[PDB]
$ cat entry18.tsv   # TSV, C-alpha atoms
chain	number	residue	atom	x	y	z
I	1	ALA	CA	62.88	-73.94	204.38
I	2	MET	CA	66.66	-74.36	204.45
I	3	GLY	CA	68.13	-71.15	205.83
I	4	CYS	CA	64.92	-70.10	207.54
I	5	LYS	CA	64.32	-67.34	210.07
I	6	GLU	CA	64.48	-67.06	213.84
I	7	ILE	CA	60.81	-67.40	214.73
I	8	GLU	CA	59.49	-64.75	217.07
I	9	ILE	CA	56.34	-65.41	218.99
I	10	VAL	CA	54.00	-62.60	219.95
I	11	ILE	CA	52.32	-62.75	223.29
I	12	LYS	CA	49.64	-60.13	222.99
I	13	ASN	CA	47.82	-58.84	225.98
I	14	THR	CA	44.79	-56.56	226.08
I	15	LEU	CA	41.55	-56.78	227.98
I	16	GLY	CA	41.73	-53.12	228.72
I	17	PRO	CA	42.54	-51.33	232.00
I	18	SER	CA	44.48	-53.49	234.47
I	19	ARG	CA	44.98	-56.43	232.11
I	20	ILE	CA	47.99	-58.15	233.51
I	21	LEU	CA	49.22	-61.65	232.93
I	22	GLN	CA	52.59	-63.16	233.48
I	23	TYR	CA	53.56	-65.54	230.71
I	24	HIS	CA	56.15	-68.17	231.34
I	25	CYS	CA	57.43	-69.11	227.94
I	26	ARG	CA	60.28	-71.58	227.97
I	27	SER	CA	60.98	-74.97	226.47
I	28	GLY	CA	63.22	-76.75	223.98
I	29	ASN	CA	66.59	-76.46	225.73
I	30	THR	CA	66.17	-72.69	225.93
I	31	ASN	CA	65.27	-70.38	228.83
I	32	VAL	CA	63.62	-66.95	228.86
I	33	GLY	CA	61.84	-66.11	232.08
I	34	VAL	CA	58.40	-65.38	233.45
I	35	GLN	CA	57.17	-61.82	232.81
I	36	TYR	CA	53.96	-59.86	233.34
I	37	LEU	CA	52.85	-56.84	231.38
I	38	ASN	CA	50.15	-54.17	231.41
I	39	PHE	CA	47.53	-53.74	228.69
I	40	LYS	CA	49.73	-52.08	226.08
I	41	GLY	CA	50.11	-54.18	222.98
I	42	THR	CA	52.62	-56.84	222.10
I	43	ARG	CA	55.27	-58.60	224.12
I	44	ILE	CA	57.53	-60.43	221.76
I	45	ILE	CA	59.60	-63.36	222.68
I	46	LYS	CA	62.02	-64.64	220.06
I	47	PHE	CA	63.73	-67.94	219.29
I	48	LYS	CA	65.43	-69.66	216.37
I	49	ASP	CA	64.79	-73.09	214.80
I	50	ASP	CA	66.58	-74.82	217.66
I	51	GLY	CA	63.53	-75.32	219.84
I	52	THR	CA	61.89	-77.53	217.24
I	53	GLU	CA	60.29	-80.91	217.93
I	54	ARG	CA	62.84	-81.26	220.73
I	55	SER	CA	60.47	-79.65	223.25
I	56	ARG	CA	59.30	-76.51	221.38
I	57	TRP	CA	58.24	-73.50	223.49
I	58	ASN	CA	55.12	-73.02	225.62
I	59	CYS	CA	53.89	-69.80	227.24
I	60	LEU	CA	51.83	-70.23	230.38
I	61	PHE	CA	49.96	-67.28	231.68
I	62	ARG	CA	49.81	-66.80	235.44
I	63	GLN	CA	49.98	-63.93	237.92
I	64	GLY	CA	51.69	-63.11	241.22
I	65	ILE	CA	48.85	-64.48	243.25
I	66	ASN	CA	46.97	-67.82	243.11
I	67	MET	CA	46.48	-69.27	239.62
I	68	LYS	CA	43.79	-66.57	239.09
I	69	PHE	CA	45.03	-65.05	235.82
I	70	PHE	CA	45.87	-68.45	234.31
I	71	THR	CA	46.11	-70.22	230.96
I	72	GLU	CA	48.42	-72.39	228.92
I	73	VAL	CA	49.37	-71.44	225.38
I	74	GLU	CA	51.57	-73.24	222.88
I	75	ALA	CA	53.96	-70.65	221.45
I	76	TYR	CA	55.13	-73.10	218.85
I	77	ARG	CA	53.90	-76.23	217.10
I	78	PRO	CA	56.43	-79.11	216.89
I	79	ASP	CA	55.40	-79.87	213.33
I	80	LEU	CA	58.47	-79.71	211.11
I	81	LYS	CA	56.20	-80.66	208.24
I	82	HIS	CA	54.83	-77.12	207.98
I	83	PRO	CA	57.23	-74.34	206.89
I	84	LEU	CA	58.18	-71.74	209.48
I	85	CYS	CA	60.81	-69.09	208.81
I	86	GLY	CA	58.51	-66.38	207.58
I	87	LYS	CA	56.10	-67.49	210.30
I	88	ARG	CA	54.84	-65.76	213.43
I	89	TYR	CA	52.67	-67.19	216.19
I	90	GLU	CA	50.41	-64.70	217.90
I	91	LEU	CA	48.63	-65.60	221.06
I	92	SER	CA	46.73	-62.71	222.48
I	93	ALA	CA	45.35	-62.42	225.93
I	94	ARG	CA	42.44	-60.30	225.24
I	95	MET	CA	39.22	-59.11	226.60
I	96	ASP	CA	37.47	-62.29	225.37
I	97	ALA	CA	39.92	-65.22	225.28
I	98	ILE	CA	43.44	-66.20	224.41
I	99	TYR	CA	43.98	-66.27	220.69
I	100	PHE	CA	45.98	-68.90	218.83
I	101	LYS	CA	46.98	-68.43	215.19
I	102	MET	CA	50.13	-68.32	213.10
I	103	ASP	CA	48.70	-66.03	210.46
I	104	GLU	CA	49.20	-62.65	208.86
I	105	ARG	CA	45.72	-61.50	209.90
I	106	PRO	CA	43.96	-61.33	213.35
I	107	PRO	CA	43.95	-64.70	215.17
I	108	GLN	CA	41.13	-66.78	216.66
I	109	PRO	CA	40.13	-67.37	220.31
I	110	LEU	CA	41.40	-70.86	221.13
I	111	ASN	CA	42.57	-70.52	224.71
I	112	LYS	CA	41.22	-68.72	227.66
I	113	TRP	CA	42.68	-66.84	230.51
I	114	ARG	CA	41.19	-66.56	233.91
I	115	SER	CA	41.02	-64.01	236.71
$ encode --input "entry18.tsv" --output "structure tokens"
Amino acid sequence: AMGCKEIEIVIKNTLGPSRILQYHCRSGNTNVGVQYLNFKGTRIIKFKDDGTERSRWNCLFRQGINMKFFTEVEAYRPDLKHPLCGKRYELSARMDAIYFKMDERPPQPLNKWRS
């Protein structure tokens, strides 16, 4: 990993009708915002290898209300030991839980939203 790729993190969201969660994903000397979405598919937030071990990026799921629809997902792992570039982190806020895997195949439930 020398040239590498801007790593884009997928915040997936899908319980079904009226799934809405507002993910605040910012860290690592870089700002994005705090957006909600409807149950559609993917919501992709993108960064480059600047938000490394410095403070990486974390997406926190909340809603315009009390904490209610809440959870706390790590968009990126601050491990420079493992190669990124061709890597993608998918956390999905789905019917069951919040998923957490940087894979090529479907991820695993490792976080959980609320409501």
$ residues_around --input "entry18.tsv" --residues "residue I:39" --least-positions-apart "4" --cutoff "10 Å" --atoms "only C-alpha atoms" --output "list in words"
residues 12, 13, 14, 15, 16, 17, 18, 19, 20, 21, 93 and 94 of chain I
$ closest_residue --input "entry18.tsv" --among "I:84, I:91, I:9, I:37" --to "residue I:108" --atoms "only C-alpha atoms"
I:91
$ closest_residue --input "entry18.tsv" --among "I:78, I:86, I:33, I:3" --to "residue I:104" --atoms "only C-alpha atoms"
I:86
$ axis_aligned_box --input "entry18.tsv" --around "stretch 19-22 of chain I" --padding-each-side "3 Å" --output "AutoDock Vina command-line options"
--center_x 48.8 --center_y -59.8 --center_z 232.8 --size_x 13.6 --size_y 12.7 --size_z 7.4
$ atom_distance --input "entry18.tsv" --atom1 "atom CA of residue I:82" --atom2 "atom CA of residue I:42"
24.8 Å
$ residues_around --input "entry18.tsv" --residues "stretch 23-25 of chain I" --least-positions-apart "5" --cutoff "7 Å" --atoms "only C-alpha atoms" --output "count of residues only"
11
$ closest_residue --input "entry18.tsv" --among "I:50, I:107, I:72, I:40" --to "residue I:88" --atoms "all atoms listed in the file"
I:107
$ closest_residue --input "entry18.tsv" --among "I:44, I:4, I:98, I:52" --to "residue I:80" --atoms "only C-alpha atoms"
I:52
$ atom_distance --input "entry18.tsv" --atom1 "atom CA of residue I:115" --atom2 "atom CA of residue I:27"
25.0 Å
$ atom_distance --input "entry18.tsv" --atom1 "atom CA of residue I:73" --atom2 "atom CA of residue I:114"
12.8 Å
$ closest_residue --input "entry18.tsv" --among "I:47, I:102, I:112, I:22" --to "residue I:87" --atoms "only C-alpha atoms"
I:102
$ closest_residue --input "entry18.tsv" --among "I:71, I:30, I:63, I:111" --to "residue I:99" --atoms "all atoms listed in the file"
I:111
